2 protein chains.
Amino acid sequence: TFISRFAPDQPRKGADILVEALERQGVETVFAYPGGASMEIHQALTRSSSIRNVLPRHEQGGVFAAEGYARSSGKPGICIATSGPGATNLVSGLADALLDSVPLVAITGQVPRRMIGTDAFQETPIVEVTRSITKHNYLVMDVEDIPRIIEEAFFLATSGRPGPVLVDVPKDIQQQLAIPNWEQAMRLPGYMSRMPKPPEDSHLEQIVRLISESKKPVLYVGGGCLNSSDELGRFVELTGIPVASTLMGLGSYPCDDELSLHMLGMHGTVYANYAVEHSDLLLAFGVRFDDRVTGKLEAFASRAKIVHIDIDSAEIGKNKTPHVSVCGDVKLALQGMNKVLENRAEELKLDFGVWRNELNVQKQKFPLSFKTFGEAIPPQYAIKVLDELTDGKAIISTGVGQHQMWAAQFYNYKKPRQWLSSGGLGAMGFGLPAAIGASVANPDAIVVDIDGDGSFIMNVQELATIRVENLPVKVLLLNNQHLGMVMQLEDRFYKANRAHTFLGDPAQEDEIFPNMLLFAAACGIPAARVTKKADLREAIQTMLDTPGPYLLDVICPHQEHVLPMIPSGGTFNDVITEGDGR
Amino acid sequence: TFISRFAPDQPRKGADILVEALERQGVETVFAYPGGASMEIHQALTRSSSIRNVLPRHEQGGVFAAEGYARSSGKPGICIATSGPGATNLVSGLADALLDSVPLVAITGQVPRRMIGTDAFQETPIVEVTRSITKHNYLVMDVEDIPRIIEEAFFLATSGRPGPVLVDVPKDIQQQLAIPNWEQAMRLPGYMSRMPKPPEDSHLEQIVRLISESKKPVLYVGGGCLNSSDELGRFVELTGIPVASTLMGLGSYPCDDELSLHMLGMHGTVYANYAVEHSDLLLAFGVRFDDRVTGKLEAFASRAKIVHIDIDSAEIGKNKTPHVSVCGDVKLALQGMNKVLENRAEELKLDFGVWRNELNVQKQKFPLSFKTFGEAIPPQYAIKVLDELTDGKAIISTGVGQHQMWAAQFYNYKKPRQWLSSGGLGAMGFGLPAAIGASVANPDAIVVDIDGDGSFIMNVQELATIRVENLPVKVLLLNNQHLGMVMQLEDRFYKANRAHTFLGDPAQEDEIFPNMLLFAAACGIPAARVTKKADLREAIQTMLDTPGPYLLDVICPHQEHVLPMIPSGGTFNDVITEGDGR
Ligand SMILES: Cc1cc2nc3c(=O)[nH]c(=O)nc-3n(C[C@H](O)[C@H](O)[C@H](O)COP(=O)(O)OP(=O)(O)OC[C@H]3O[C@@H](n4cnc5c(N)ncnc54)[C@H](O)[C@@H]3O)c2cc1C
Ligand SMILES: Cc1cc2nc3c(=O)[nH]c(=O)nc-3n(C[C@H](O)[C@H](O)[C@H](O)COP(=O)(O)OP(=O)(O)OC[C@H]3O[C@@H](n4cnc5c(N)ncnc54)[C@H](O)[C@@H]3O)c2cc1C
Ligand SMILES: Cc1ncc(C[n+]2csc(CCOP(=O)(O)OP(=O)(O)O)c2C)c(N)n1
Ligand SMILES: Cc1ncc(C[n+]2csc(CCOP(=O)(O)OP(=O)(O)O)c2C)c(N)n1
Ligand SMILES: [Mg+2]
Ligand SMILES: [Mg+2]
């Protein structure tokens, strides 16, 4: 029973209907940047006693904060912007939320309805621009459609395969007085008709049947299992199948477990890729068969029977045609298969110890390794220290690059929604704002941003947002003074010819530039810089123990390479296991 | 006779054809940020001995730098980015270059042709996204189309009404070897068929005829006259008609002249708006009748015969239907009308001294005024000092807000392409990167960024670009600690109820936050902060005299309001002339 701030017979502004529509959706936090087209919304936002607004310093930071808010909680992330340049600054976040399937709802202001199409002031057709980078978008043409469109937006953004939904609201609609109807149904007939039904018991038995007939099975877990942590953990108990996770599925199955193969793919471990290559049964639960995981599709699981489970019927048979397919919630498919495995425990043999001890041979032969040069800080080792000092219980957001892979390789995430990273779009500067939204969604959680010097500076303006909002965001900056991941491809395929990848000052090469500590100092954030490996443990411990925000400039040798590596479009027999830029 | 770096019978990479296509267009500077999809281009960029690359710290800064490069020189601005997040970061600049008609060419990398549509890694349909915010865009599907598409891109971006043109280049096309054909014609039949012919002598005489018959004529000059500085200066000699410029036409006719009415519109001077309201002939040369200039269209020049000259036939009669219309280059229309006025000098009376001395009455009755409170720095006065200390010969780029209007009101720009500001889209954070491109295009010019604390922080990362590239960019920061322009609308129409407009730290209200000096310090840039009006003249003089970059944190009282003001959709009888937030 919701309690409104207005009488049921009292006319109110359209912006008041919009804010109340958010309150009725359970929204507690929004990331709104004001402007002329959304000032009525920002005015009605102050009249709400339940919706907190985190004012960013850039709308790209606002939408990225809404992603980290969403990614670290499962709730939908809500960002608000004004028309024109405010909306165009959300584009990177919307395309990012789409490719990673993040529940997000973006509300942009717009010129009055009478002015749409005249190339007016701050007038851009944001609906036409964001049509291919959003799950769905709207353009409110009447104040009475506000409750229905907002309900459809949150339903579309959260149900099925989640994604971003944009709601363009003209200025005159925000000002028009009306009495909202909260009981009008949603106009989504063909969407709901396509919502997958619970999986049939016939499909689940044949999958369980194929498990007992298989000798070398591999679990291909991805971002679709973030809500099935317990269901997947029980499923491996009854089967004993090794688990290979994606960049997005990290945390679904604990990386520190003996059955874990960690990450597979281009930068995935050798033993995980070996398991998929030489498997006879591939259980692809909650994945989309990205090119960064398969490489040449004909070589991916070429000797394996593929079982694909998805909530998006478009992903099934999209890149790799499976044997058996199940269109539905993998959380339910695991629940059904679990009670089939325990009731048929005696019937089914289920002892793949020959197969996993074949993989454990590769696990000790080709493990995740890193060199330590003198006292220079290995970035891999620095992240391994953060794992130890936080007991693997810290929410980790990252940028995109070498530091992004090392944060995925050398951290043992125990639970899902702990690993926040742009994997689909791979957007730099995602780290710092995502940690902002994650800290707001989880106030009592250790939130650490493992960013790179190139990614960190892109949205460095959000350091002011961290201090103003008093958020205990930790910034573990892995400063390599380079556009590292691009530099690595230059060393491998372009004879180490630098093409605009150095980020420091060429007039002073051996001086670390920029001095990121002064960036934190400008925003009243305590900062420190560590260079030698001995001082690394205390420095990270100081960052964690110091209350509030903290930036740690961890200096790393730039010649490091992310290993192992499979070149774009290769097979398992093309994995690069050694080598750097020295 | 161009000199290629390759034999005419030698196959070369597609990226080498692309760079050579830029060299053949006279490109001397590009603003490129590397990525996996554009690494081949960045590799071929290093092999060029004539194209300098300014590496930004954010692609939004790269495209804004290309705008300032273009806006301050008339040459086309070229920015390059990678696929996915690199391209989505150009969106704000492309929509900005479209609404302000800035010649710009954007080159984005893309996944190989065989992968377009699979929602691949860093794969977004940038052509579909940017179709409504670009003059035109391309998707290269064969390496042999590179010379033709690049030639069509630069021709479309510069000819007619200029605008942005995007060229999406897949990765496999950059790698494909070929021998380019530089002599293939452009496939633009219906574009060139619509290119306006030189204006007929019949139209120009009737315009000159209407000038002698008119008693109260007003010149409505805009961004279309930036290339007609001399032609417009001679036209007013032969007619004596007062000149009212737009936010975009600033500098076309010197603001310090006795016939100048300065800016008209929402925040335009009272005497300029009075001239248009009580005119009988309105010469609208190079304008588009924006809502920020006309307000209620029925009241705009309601008693005036409207003569509209444009190179875009779509703008003629778009918002305000004119009497006489001329579709063509205003530079030629002025040349034709000039030689008609001097050959008919004796026939035509041409003495509007009764009308301009009627306007000079309003010029002294309601001039541009500002209060000076104690020793607090008036932002208007600070800009007036910069005009004096630079002799009005400094290239000025600004953000968007209160400081943007005061930089337009209280600076006497003597020549066009000296005033760089986002007027159409009104994009914040445009100031600092635009000054970067302007300084590269005009190395020996005084480049000053009159930015606001909200706009400056959005693209503050480009301070590293200024130091690395050793550009003498001056930053005159008008720090009001608020989202000023939005705060002003709160004081006027929302009873001064603050809705997320304060940018400092609420835990320490009287402390200036953030300390922007440490931002400059982090990037090795000398900085200073002035608070008292007496120290203002020496501080600005120190900024100018100090070689290289320099940031001046000018603190201003936030209660200041931009005056005069006409509310959105009003008439001339609705102008607000006094009032602030005190
Ligand atoms: C520099 C860089 C390197 C990278 N290299 C790698 C790498 O080596 N290895 C790697 O794995 N990734 C890598 N990526 C990331 C890669 O591009 C993809 O993000 C990754 O493949 C994601 O795979 P995913 O399908 O598990 O994630 P997602 O895209 O999040 O998975 C979405 C899928 O889950 C389904 N789904 C969602 N909910 C449900 C449900 N309830 N029931 C059933 N299905 C559901 C969706 O329908 C969809 O099919 C890299 C990224 C970057 C930036
Ligand atoms: C906060 C804010 C406040 C603003 N308030 C004002 C204000 O008070 N006053 C004001 O003037 N602006 C104001 N603006 C800016 C406003 O939105 C527009 O940018 C402004 O009206 C531009 O008018 P313009 O047509 O002269 O500029 P432009 O858009 O640059 O003019 C383009 C026109 O010139 C034509 N053209 C180009 N080349 C030629 C040629 N060779 N021959 C003939 N025609 C040509 C084009 O076809 C087109 O019609 C404000 C902006 C902001 C951000
Ligand atoms: C906005 C954006 N631009 C470009 C890219 C392409 N890119 C991917 S990784 C990388 C280099 C980033 O280096 P850094 O952020 O410093 O992390 P590092 O690899 O050095 O550890 C780039 C440019 C991207 N993913 N996003
Ligand atoms: C990216 C973007 N977001 C929002 C707006 C709307 N807007 C226009 S002016 C302004 C306030 C800017 O204040 P500031 O940059 O500090 O300049 P000031 O008015 O304070 O002098 C805003 C938010 C915009 N033009 N661009
Ligand atoms: Mg780095
Ligand atoms: Mg300001």
# chains A, B, ... in the order shown; residues from 1 in each chain; ligands from 1
>>> select_by_dssp(residues="segment 401-506 of chain B", states="helix (DSSP H, G or I)", output="PDB file with C-alpha atoms, in the first residue's frame")
ATOM      1  CA  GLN B 402      26.536  32.279 -17.339  1.00  0.00           C
ATOM      2  CA  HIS B 403      30.236  32.649 -18.151  1.00  0.00           C
ATOM      3  CA  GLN B 404      29.427  31.871 -21.793  1.00  0.00           C
ATOM      4  CA  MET B 405      27.071  34.851 -22.062  1.00  0.00           C
ATOM      5  CA  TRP B 406      29.411  37.242 -20.244  1.00  0.00           C
ATOM      6  CA  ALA B 407      32.253  36.195 -22.550  1.00  0.00           C
ATOM      7  CA  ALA B 408      29.968  37.094 -25.454  1.00  0.00           C
ATOM      8  CA  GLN B 409      28.680  40.354 -23.946  1.00  0.00           C
ATOM      9  CA  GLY B 431      35.781  25.188 -23.795  1.00  0.00           C
ATOM     10  CA  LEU B 432      39.040  23.533 -22.769  1.00  0.00           C
ATOM     11  CA  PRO B 433      39.338  21.090 -25.722  1.00  0.00           C
ATOM     12  CA  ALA B 434      38.271  23.746 -28.243  1.00  0.00           C
ATOM     13  CA  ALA B 435      41.128  25.929 -27.006  1.00  0.00           C
ATOM     14  CA  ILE B 436      43.458  22.970 -27.627  1.00  0.00           C
ATOM     15  CA  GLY B 437      42.516  22.698 -31.293  1.00  0.00           C
ATOM     16  CA  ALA B 438      42.500  26.473 -31.713  1.00  0.00           C
ATOM     17  CA  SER B 439      46.017  26.760 -30.284  1.00  0.00           C
ATOM     18  CA  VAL B 440      47.246  24.059 -32.674  1.00  0.00           C
ATOM     19  CA  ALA B 441      45.572  25.798 -35.625  1.00  0.00           C
ATOM     20  CA  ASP B 453      33.678  25.470 -12.874  1.00  0.00           C
ATOM     21  CA  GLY B 454      31.013  23.006 -14.008  1.00  0.00           C
ATOM     22  CA  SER B 455      32.010  22.979 -17.666  1.00  0.00           C
ATOM     23  CA  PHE B 456      35.757  23.043 -16.974  1.00  0.00           C
ATOM     24  CA  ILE B 457      35.683  19.920 -14.803  1.00  0.00           C
ATOM     25  CA  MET B 458      33.754  17.844 -17.371  1.00  0.00           C
ATOM     26  CA  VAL B 460      39.398  18.512 -17.161  1.00  0.00           C
ATOM     27  CA  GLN B 461      41.361  15.460 -18.348  1.00  0.00           C
ATOM     28  CA  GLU B 462      42.490  17.454 -21.392  1.00  0.00           C
ATOM     29  CA  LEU B 463      44.802  19.508 -19.159  1.00  0.00           C
ATOM     30  CA  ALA B 464      47.261  16.640 -19.623  1.00  0.00           C
ATOM     31  CA  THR B 465      46.897  17.071 -23.389  1.00  0.00           C
ATOM     32  CA  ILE B 466      47.774  20.767 -23.048  1.00  0.00           C
ATOM     33  CA  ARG B 467      51.012  20.108 -21.151  1.00  0.00           C
ATOM     34  CA  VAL B 468      52.104  17.112 -23.243  1.00  0.00           C
ATOM     35  CA  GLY B 484      25.180  29.086 -12.648  1.00  0.00           C
ATOM     36  CA  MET B 485      22.847  29.300 -15.639  1.00  0.00           C
ATOM     37  CA  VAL B 486      20.602  26.629 -14.106  1.00  0.00           C
ATOM     38  CA  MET B 487      20.836  28.389 -10.736  1.00  0.00           C
ATOM     39  CA  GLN B 488      19.651  31.624 -12.365  1.00  0.00           C
ATOM     40  CA  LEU B 489      16.522  29.931 -13.726  1.00  0.00           C
ATOM     41  CA  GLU B 490      15.884  28.574 -10.223  1.00  0.00           C
ATOM     42  CA  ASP B 491      15.975  32.098  -8.774  1.00  0.00           C
ATOM     43  CA  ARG B 492      13.650  33.472 -11.462  1.00  0.00           C
ATOM     44  CA  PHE B 493      10.990  30.783 -11.871  1.00  0.00           C
ATOM     45  CA  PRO B 506      28.414  21.043   1.430  1.00  0.00           C
TER      46      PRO B 506
END
>>> interface_residues(of="chain A", to="chain B", cutoff="6 Å", atoms="only C-alpha atoms", output="NGL selection string")
:A and (42-43 or 58 or 84-85 or 88 or 92 or 121-122 or 129 or 424-425 or 427 or 457-458 or 461 or 468 or 499 or 505 or 514-515 or 518-519 or 522-523)
>>> write_last_selection(atoms="N, CA, C and O atoms", output="mmCIF file, in the first residue's frame")
data_model
loop_
_atom_site.group_PDB
_atom_site.id
_atom_site.type_symbol
_atom_site.label_atom_id
_atom_site.label_comp_id
_atom_site.auth_asym_id
_atom_site.auth_seq_id
_atom_site.Cartn_x
_atom_site.Cartn_y
_atom_site.Cartn_z
ATOM 1 N N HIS A 42 14.031 17.871 -11.832
ATOM 2 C CA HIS A 42 14.920 18.128 -10.705
ATOM 3 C C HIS A 42 14.210 18.877 -9.588
ATOM 4 O O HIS A 42 14.528 18.683 -8.410
ATOM 5 N N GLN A 43 13.246 19.733 -9.934
ATOM 6 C CA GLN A 43 12.458 20.410 -8.911
ATOM 7 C C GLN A 43 11.584 19.416 -8.156
ATOM 8 O O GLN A 43 11.556 19.411 -6.920
ATOM 9 N N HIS A 58 29.593 14.658 -14.733
ATOM 10 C CA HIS A 58 29.508 14.376 -16.157
ATOM 11 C C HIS A 58 28.438 13.310 -16.342
ATOM 12 O O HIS A 58 28.401 12.333 -15.589
ATOM 13 N N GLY A 84 19.689 17.463 -25.441
ATOM 14 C CA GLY A 84 20.856 17.830 -26.206
ATOM 15 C C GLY A 84 22.138 17.209 -25.695
ATOM 16 O O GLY A 84 22.322 15.987 -25.719
ATOM 17 N N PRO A 85 23.059 18.051 -25.214
ATOM 18 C CA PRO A 85 24.366 17.532 -24.787
ATOM 19 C C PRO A 85 24.293 16.649 -23.556
ATOM 20 O O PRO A 85 25.155 15.779 -23.383
ATOM 21 N N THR A 88 23.294 13.186 -25.106
ATOM 22 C CA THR A 88 24.367 12.600 -25.902
ATOM 23 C C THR A 88 25.517 12.092 -25.041
ATOM 24 O O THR A 88 26.275 11.223 -25.486
ATOM 25 N N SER A 92 27.368 6.427 -24.416
ATOM 26 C CA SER A 92 28.326 5.368 -24.110
ATOM 27 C C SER A 92 27.788 4.426 -23.040
ATOM 28 O O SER A 92 28.014 3.212 -23.101
ATOM 29 N N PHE A 121 16.858 24.639 -29.848
ATOM 30 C CA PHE A 121 17.952 24.790 -28.900
ATOM 31 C C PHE A 121 18.091 23.541 -28.038
ATOM 32 O O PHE A 121 17.114 23.078 -27.439
ATOM 33 N N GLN A 122 19.314 23.005 -27.970
ATOM 34 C CA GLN A 122 19.602 21.760 -27.248
ATOM 35 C C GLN A 122 18.674 20.632 -27.691
ATOM 36 O O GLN A 122 18.292 19.771 -26.897
ATOM 37 N N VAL A 129 18.540 8.430 -31.990
ATOM 38 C CA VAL A 129 19.963 8.163 -31.810
ATOM 39 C C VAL A 129 20.174 6.878 -31.019
ATOM 40 O O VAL A 129 21.037 6.058 -31.359
ATOM 41 N N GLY A 424 31.227 -6.186 -22.664
ATOM 42 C CA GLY A 424 30.682 -6.130 -24.006
ATOM 43 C C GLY A 424 31.196 -4.942 -24.790
ATOM 44 O O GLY A 424 31.922 -5.104 -25.775
ATOM 45 N N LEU A 425 30.822 -3.736 -24.359
ATOM 46 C CA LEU A 425 31.305 -2.535 -25.031
ATOM 47 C C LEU A 425 32.775 -2.280 -24.729
ATOM 48 O O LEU A 425 33.506 -1.777 -25.589
ATOM 49 N N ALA A 427 34.154 -0.162 -22.283
ATOM 50 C CA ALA A 427 34.249 1.292 -22.240
ATOM 51 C C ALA A 427 35.246 1.723 -21.172
ATOM 52 O O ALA A 427 35.087 1.386 -19.994
ATOM 53 N N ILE A 457 41.713 8.680 -15.892
ATOM 54 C CA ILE A 457 41.701 10.107 -16.186
ATOM 55 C C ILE A 457 40.489 10.506 -17.019
ATOM 56 O O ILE A 457 40.076 11.670 -16.975
ATOM 57 N N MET A 458 39.892 9.569 -17.760
ATOM 58 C CA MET A 458 38.773 9.911 -18.638
ATOM 59 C C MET A 458 37.598 10.473 -17.847
ATOM 60 O O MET A 458 37.020 11.502 -18.215
ATOM 61 N N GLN A 461 36.793 13.502 -13.307
ATOM 62 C CA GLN A 461 35.960 14.537 -12.706
ATOM 63 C C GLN A 461 35.054 13.985 -11.615
ATOM 64 O O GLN A 461 34.624 14.743 -10.740
ATOM 65 N N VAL A 468 32.100 14.833 -2.327
ATOM 66 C CA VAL A 468 30.862 15.525 -1.976
ATOM 67 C C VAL A 468 29.864 14.557 -1.352
ATOM 68 O O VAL A 468 29.239 14.860 -0.330
ATOM 69 N N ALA A 499 52.400 3.960 -31.352
ATOM 70 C CA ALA A 499 51.486 4.796 -32.130
ATOM 71 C C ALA A 499 50.516 5.462 -31.159
ATOM 72 O O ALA A 499 49.362 5.046 -31.029
ATOM 73 N N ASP A 505 54.513 12.577 -19.983
ATOM 74 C CA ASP A 505 55.083 13.729 -20.667
ATOM 75 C C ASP A 505 56.379 13.321 -21.352
ATOM 76 O O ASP A 505 57.312 12.876 -20.671
ATOM 77 N N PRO A 514 50.215 12.025 -15.550
ATOM 78 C CA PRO A 514 50.117 13.126 -14.587
ATOM 79 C C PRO A 514 50.264 12.658 -13.143
ATOM 80 O O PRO A 514 50.159 11.462 -12.864
ATOM 81 N N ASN A 515 50.513 13.601 -12.237
ATOM 82 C CA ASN A 515 50.587 13.311 -10.807
ATOM 83 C C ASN A 515 49.161 13.114 -10.313
ATOM 84 O O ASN A 515 48.479 14.059 -9.908
ATOM 85 N N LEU A 518 47.693 14.668 -6.976
ATOM 86 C CA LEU A 518 47.137 16.014 -6.978
ATOM 87 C C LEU A 518 45.712 16.049 -7.513
ATOM 88 O O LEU A 518 44.960 16.966 -7.168
ATOM 89 N N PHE A 519 45.328 15.076 -8.343
ATOM 90 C CA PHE A 519 43.927 14.948 -8.734
ATOM 91 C C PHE A 519 43.056 14.642 -7.522
ATOM 92 O O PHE A 519 42.006 15.263 -7.321
ATOM 93 N N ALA A 522 43.015 17.724 -5.265
ATOM 94 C CA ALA A 522 42.103 18.769 -5.720
ATOM 95 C C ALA A 522 40.684 18.525 -5.229
ATOM 96 O O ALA A 522 39.933 19.479 -4.998
ATOM 97 N N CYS A 523 40.301 17.260 -5.061
ATOM 98 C CA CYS A 523 38.983 16.897 -4.564
ATOM 99 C C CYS A 523 39.006 16.494 -3.094
ATOM 100 O O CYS A 523 38.092 15.803 -2.634
#
>>> closest_residue(among="B:68, B:163, B:170, B:564", to="residue 109 of chain B", atoms="only C-alpha atoms")
B:170
>>> select_by_dssp(residues="segment 370-418 of chain B", states="strand (DSSP E)", output="list in words")
residues 395, 396, 397 and 398 of chain B
>>> closest_residue(among="B:581, B:175, B:192, B:313", to="residue 496 of chain B", atoms="only C-alpha atoms")
B:581
>>> atom_distance(atom1="atom 34 (O, counted along the ligand's line) of ligand 1", atom2="atom CA of residue 311 of chain A")
7.2 Å
>>> residues_around(residues="residue 442 of chain B", least_positions_apart="3", cutoff="9 Å", atoms="only C-alpha atoms", output="list in words")
residues 69, 72, 73, 395, 437, 438, 439, 445, 446 and 447 of chain B
>>> atom_distance(atom1="atom CA of residue 224 of chain B", atom2="atom CA of residue 160 of chain B")
10.5 Å
